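Derivation of every value follows stated rules applied to the coordinates shown; laboratory data play no part. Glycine gets a Cβ as well: all are built from the backbone with ideal geometry, and neighbour counts include every protein chain shown.
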Amino acid sequence: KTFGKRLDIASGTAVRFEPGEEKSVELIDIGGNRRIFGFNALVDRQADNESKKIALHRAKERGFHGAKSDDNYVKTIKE
Amino acid sequence: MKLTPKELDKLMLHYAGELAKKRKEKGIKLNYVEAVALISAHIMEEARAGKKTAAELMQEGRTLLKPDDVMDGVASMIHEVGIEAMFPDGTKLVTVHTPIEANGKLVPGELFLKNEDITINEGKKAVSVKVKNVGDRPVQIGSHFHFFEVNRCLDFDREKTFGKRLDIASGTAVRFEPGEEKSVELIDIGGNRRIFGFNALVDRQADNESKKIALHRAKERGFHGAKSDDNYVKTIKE
Amino acid sequence: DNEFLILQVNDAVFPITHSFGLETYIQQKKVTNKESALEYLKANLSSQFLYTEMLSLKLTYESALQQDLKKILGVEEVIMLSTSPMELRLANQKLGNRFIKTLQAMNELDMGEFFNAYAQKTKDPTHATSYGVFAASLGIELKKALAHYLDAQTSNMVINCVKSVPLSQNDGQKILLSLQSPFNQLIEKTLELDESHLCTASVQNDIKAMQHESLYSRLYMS
Amino acid sequence: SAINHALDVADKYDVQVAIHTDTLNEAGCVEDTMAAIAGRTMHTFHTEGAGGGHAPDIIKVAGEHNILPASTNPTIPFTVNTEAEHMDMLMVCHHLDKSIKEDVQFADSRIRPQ
Amino acid sequence: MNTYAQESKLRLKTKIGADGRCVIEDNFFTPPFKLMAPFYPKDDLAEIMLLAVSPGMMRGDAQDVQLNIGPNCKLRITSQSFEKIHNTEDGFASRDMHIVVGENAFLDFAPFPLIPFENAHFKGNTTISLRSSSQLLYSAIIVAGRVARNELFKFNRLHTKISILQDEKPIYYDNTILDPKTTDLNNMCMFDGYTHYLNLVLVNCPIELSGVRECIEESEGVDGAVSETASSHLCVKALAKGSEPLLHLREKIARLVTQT
Amino acid sequence: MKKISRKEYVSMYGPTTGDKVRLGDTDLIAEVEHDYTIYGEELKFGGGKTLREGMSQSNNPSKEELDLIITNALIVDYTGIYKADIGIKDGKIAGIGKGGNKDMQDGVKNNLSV
């Protein structure tokens, strides 16, 4: 649900999640060219529906909680 | 009247066609240049008139010259006359194919072929493979495409076809319609047998050791009919 | 009465040998038991009998009610030129000729001036078209005539199947009894069909009928 | 493979890459081409397909961010005579002899007035 | 609701040229139709390919073909590729082909198989007219759909009427109606598990029923048969799992006819 | 292996050994004395032809890689009337013979590498 999105808060502010605590946050689409580079290197490319599958598979492989990728995942030529 | 170089060229062509028409009226048998110019100029004038469509002009261009109106060999030399004509809806390319019927007397540059067939890929044994197109679009495969790495919507035993290409005339293609199943003949790729490019399934020398890597890659990427063992042992470079 | 005369002429014509490809199916081992025979009979009635015999019967009945001899002849010509299998064409022509001859000779009664003229002017009368024009001239109800013709043809088909497969008389009675609903459905379909569907090309039935000629030993005429 | 390598080198050297995609679907469909592109800036010729096998699905790439789509002169604007010249232009451009049965059979177009 | 700017027409008239070859005397084609110069193989008949510049027939397509083969013309008319009927949502795709064969003229009409897609509605009407001496080898292959992807009889309706007249007298009628909604075409009398159906008509061809039967029997993977129509002309009906056996059988029969 | 008719072969690739061509509208007939090509490996350029990346255009070319190649040309010269591919490199004729990709074709010299 959150691929390609960022927190909808005043820029420069932060949201804190305490351990065990559950919070609800508001997310808005990333603007501009929507090219995600850096961070955890899960996307490192343009953010679209095709890169969403690759990002989800990478997150599931790297153990990111809540990332659900299909067991029968079809690799691409570059990923 | 700002005239473009294209307009100047078309004016020259129109008056060449006018000269050809005057010669035809005089009764001189037209040569190659005169015939081409006459057909092109007539098409341009009809398009400017604007009462005909491009299809009508394509039909009409084939009726301008009778076989007796041109010199011997002109009909053989003229295969098609293309002309870009300005219609009421812009510039369109009108192509007239075989505008003049060949008399057969003289054929410039004609071929005198032997009555013996050419044997291509001599000394190469061909295996037969059944291929099904389970996709929604037709797929054309060239004579020299590495058949192992063809569209993943084609279904066949890829293991049989690793290192092989279609056994057809080079430059021709085989078309697989959607849902259609065909049997094709495959022959070994010659030379160094180094497969580079295509779908990047091999990208190295084609041998039995690279066959396993290629099959595992194809299975991972979802190529239909590629069967790789579940317990696949990776190599240091793959 | 009318039903008695219908039964008499039907008995004198049809029982007095035609498989319509059932022999080919049995020889190719596609019809073996009760369920296979029932499936074959249902498929044949749905396609070939429906779009070649019942539809032609209804069309001829309508054309004779309208007194359209030209339309009757055109329908017969269409049937003849569409019947690709030689065995099927010959069987239909023979059955139609037998029906016409029986009506002319045995039925010593005023069949009708229209029917007499049609018999004297026809060339290749199909059995279904002949029965349709006969019913139209006799005033028989369309639905009743279709039901009777379909029932008689299916009785001949089931007895042929029980003789040739071979099956038991119990299975023959069972398949005769279990086809009552498809009979009504076929009659309802013919009640809304039209001439555009006349002689709709069946594929496997025609292929088997044409392979009947190439069969090794033919225990049936067609 | 060629798309991937060219895009790598172009990202290294800061130069544009333009593409005229595979008409025959030999190696894959529009999805496979887009996977090879992998969300990198690409300038596409004949984004309408121009009768290629990727048509009409190649028009889908005109909605992606990383694709800069271009369209050619002959098909705009759509007129009465637009469809008549397309096959001749295609054959001459792709160098398929019109006197060869194999080349004529190969010259298959998926162009539609739609 | 024709999507094309103008009506899809293809008027072709072929005659014998000055050099003795079969040439196109006249031709007028609107999209998606197109005609190229005839191809002349070394030993076979003159080949004309009816080009269709389109992925296939779609909703509202209404094609009008009129072929006119002149006297003493030995012409084989093929198509570019398989004719695919696409999903016609509410309308239908229609083709009306009228062919006129002149005296002592041989026409081998061998189009590629027709593949109807899901919810495809097609109406074909072919009317062939011949002279007494005219020879015709008509053929038509119908596929159940995209078989390899389990698209079997998913189309809406396929109506195909063929009317062959000789000397302005009817000699052959065919009305192929395939409606999966009304009946199961997979039954034992329609297709019996086969997916490809070939219907071929030989009119005035100098080939014997025994020879045609031998060809059908020696052809592998095909359940086929050949009979004689009322007008004493050959009719071949074959079924197969794929189009390859049917095409091979058709070309075998064509070769047997032409070698005479 | 497969055999194709000589007429179709010549239409696709031009005349081969033993084939005769009339020169212009004159009465002179030139016969192809010999052919450097290997049948079934001819170089063709087009939509789905052989001169493509990885098939006939080498992905690991020799250092003498040609700048221009003329494919299937009928060379008419005082040295002979024959059929070959002409390779041009650095303004000179680099080689005459069978050109193409050494990775996927046999009999390709280093000086005729495409």
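Go over the candidates E:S231, E:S243 one by one and state the one that is closer than 22 Å to C:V75 by Cα, small (G, A, S) and facing another protein chain (nearest Cβ under 10 Å). Let's see the steps before the verdict.
Details: E:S243 fails: closer than 22 Å to C:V75 by Cα.
Being closer than 22 Å to C:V75 by Cα, small (G, A, S) and facing another protein chain (nearest Cβ under 10 Å) holds for just one of E:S231, E:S243, which is E:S231.
Here B:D207 meets the list (1) acidic (D, E); (2) surrounded by fewer than 23 Cβ atoms within 10 Å (Cβ to Cβ); (3) touching a strand residue (DSSP E or B) at 6+ places or on another chain (Cβ under 9 Å) almost entirely, failing just condition (3).
Which residue, of D:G39, D:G63, D:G51, is in contact with a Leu (Cβ under 7 Å, 6 or more places away or on another chain), more than 16 Å from B:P178 (Cα to Cα) and not basic (K, R)?
Numbers: D:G39 fails: in contact with a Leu (Cβ under 7 Å, 6 or more places away or on another chain); D:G63 fails: in contact with a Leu (Cβ under 7 Å, 6 or more places away or on another chain).
Answer to the selection: D:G51.
Among the residues of the stretch F:26-44, is any facing another protein chain (nearest Cβ under 9 Å), more than 13 Å from F:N101 (Cα to Cα), buried (at least 18 other Cβ atoms within 10 Å of the Cβ) and out of contact with any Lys or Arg (no Cβ under 7 Å at 6 or more places or on another chain)? Within the stretch F:26-44, one or more residues are facing another protein chain (nearest Cβ under 9 Å), more than 13 Å from F:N101 (Cα to Cα), buried (at least 18 other Cβ atoms within 10 Å of the Cβ) and out of contact with any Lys or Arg (no Cβ under 7 Å at 6 or more places or on another chain). Counted as qualifying within the stretch B:152-238 are the strands (runs of 3 or more DSSP E) with 2 or more residues that are of a type in the set (A, V, I, L, M), namely B:173-176, B:181-188. Restricting attention to the stretch A:21-79, the residues that are among the charged types (D, E, K, R) and more than 14 Å from chain D (Cβ to nearest Cβ) add up to 10. Using the structure shown, decide if C:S164 is out of contact with any strand residue (DSSP E or B) (no Cβ under 7 Å at 6 or more places or on another chain), surrounded by fewer than 15 Cβ atoms within 10 Å (Cβ to Cβ) and among the hydroxyl-bearing types (S, T, Y). It is false that C:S164 is out of contact with any strand residue (DSSP E or B) (no Cβ under 7 Å at 6 or more places or on another chain), surrounded by fewer than 15 Cβ atoms within 10 Å (Cβ to Cβ) and among the hydroxyl-bearing types (S, T, Y). For beta carbons closer than 7 Å, sequence separation of 6+ or different chains, a first residue in the stretch B:94-123 that is farther than 30 Å from B:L64 by Cα and a second that is small (G, A, S) and surrounded by 15 or more Cβ atoms within 10 Å (Cβ to Cβ), the qualifying pairs are B:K114/F:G18; B:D117/F:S5; B:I120/B:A169; B:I120/F:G40; B:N121/F:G40. Any idea which residue in the stretch D:62-91 is farthest from the other protein chains (Cβ to nearest Cβ), counting only those that are among the aliphatic types (A, V, I, L, M) and loosely packed, with under 15 Cβ neighbours inside 10 Å? Here the answer is D:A70.
Against the definition (surrounded by 20 or more Cβ atoms within 10 Å (Cβ to Cβ) and within 18 Å of E:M58 (Cβ to Cβ)), how does D:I111 come out, yes or no? First the steps, then the outcome.
Values: surrounded by 20 or more Cβ atoms within 10 Å (Cβ to Cβ): yes; within 18 Å of E:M58 (Cβ to Cβ): yes.
Against the criterion (surrounded by 20 or more Cβ atoms within 10 Å (Cβ to Cβ) and within 18 Å of E:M58 (Cβ to Cβ)), D:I111 qualifies.
Within the stretch B:155-163, identify whether any single residue is crowded, with 23+ Cβ neighbours inside 10 Å, within 13 Å of chain E (Cβ to nearest Cβ) and not hydrophobic (A, V, I, L, M, F, W, C), and answer yes or no. Within the stretch B:155-163 (the criterion being crowded, with 23+ Cβ neighbours inside 10 Å, within 13 Å of chain E (Cβ to nearest Cβ) and not hydrophobic (A, V, I, L, M, F, W, C)), the answer is no, since none of the residues qualifies. Collect the residues in the stretch B:91-113 that are of a type outside the set (D, E, K, R), surrounded by 15 or more Cβ atoms within 10 Å (Cβ to Cβ), more than 9 Å from chain E (Cβ to nearest Cβ) and assigned to a strand (DSSP E or B), keeping them in residue-number order. Within the stretch B:91-113, B:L93, B:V94, B:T95, B:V96, B:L111 meet the criteria. Scanning the stretch D:1-21 for residues that are closer than 19 Å to D:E64 by Cα, among the hydrophobic types (A, V, I, L, M, F, W, C) and surrounded by fewer than 21 Cβ atoms within 10 Å (Cβ to Cβ) turns up D:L7, D:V17, D:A18, D:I19.
Which residue is surrounded by the most Cβ atoms within 10 Å (Cβ to Cβ), if the candidates are limited to the stretch E:10-43 and must be in a loop (DSSP other than H, G, I, E, B) and under 19 Å from the mean Cα position of the chain (by Cα)? If we take residues in the stretch E:10-43 being in a loop (DSSP other than H, G, I, E, B) and under 19 Å from the mean Cα position of the chain (by Cα), then E:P32 is surrounded by the most Cβ atoms within 10 Å (Cβ to Cβ). Being surrounded by fewer than 22 Cβ atoms within 10 Å (Cβ to Cβ), hydrophobic (A, V, I, L, M, F, W, C) and over 19 Å from B:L154 (Cβ atoms), is that true of even one residue in the stretch D:22-35? Taking every residue of the stretch D:22-35 in turn, none turns out to be surrounded by fewer than 22 Cβ atoms within 10 Å (Cβ to Cβ), hydrophobic (A, V, I, L, M, F, W, C) and over 19 Å from B:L154 (Cβ atoms). Looking at D:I37, D:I100, D:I3, D:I59, can you tell me which residue is away from chain A (no Cβ under 14 Å), over 30 Å from E:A46 (Cβ atoms) and of a type in the set (A, V, I, L, M)? Selected residue: D:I59, the only one of D:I37, D:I100, D:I3, D:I59 that is away from chain A (no Cβ under 14 Å), over 30 Å from E:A46 (Cβ atoms) and of a type in the set (A, V, I, L, M). Out of (1) within 16 Å of E:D96 (Cβ to Cβ); (2) surrounded by fewer than 22 Cβ atoms within 10 Å (Cβ to Cβ), the odd one out for E:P71 is which? Of the numbered conditions (1) within 16 Å of E:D96 (Cβ to Cβ); (2) surrounded by fewer than 22 Cβ atoms within 10 Å (Cβ to Cβ), the odd one out for E:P71 is (1). The condition of being assigned to a loop (DSSP other than H, G, I, E, B) and basic (K, R) holds for F:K63.
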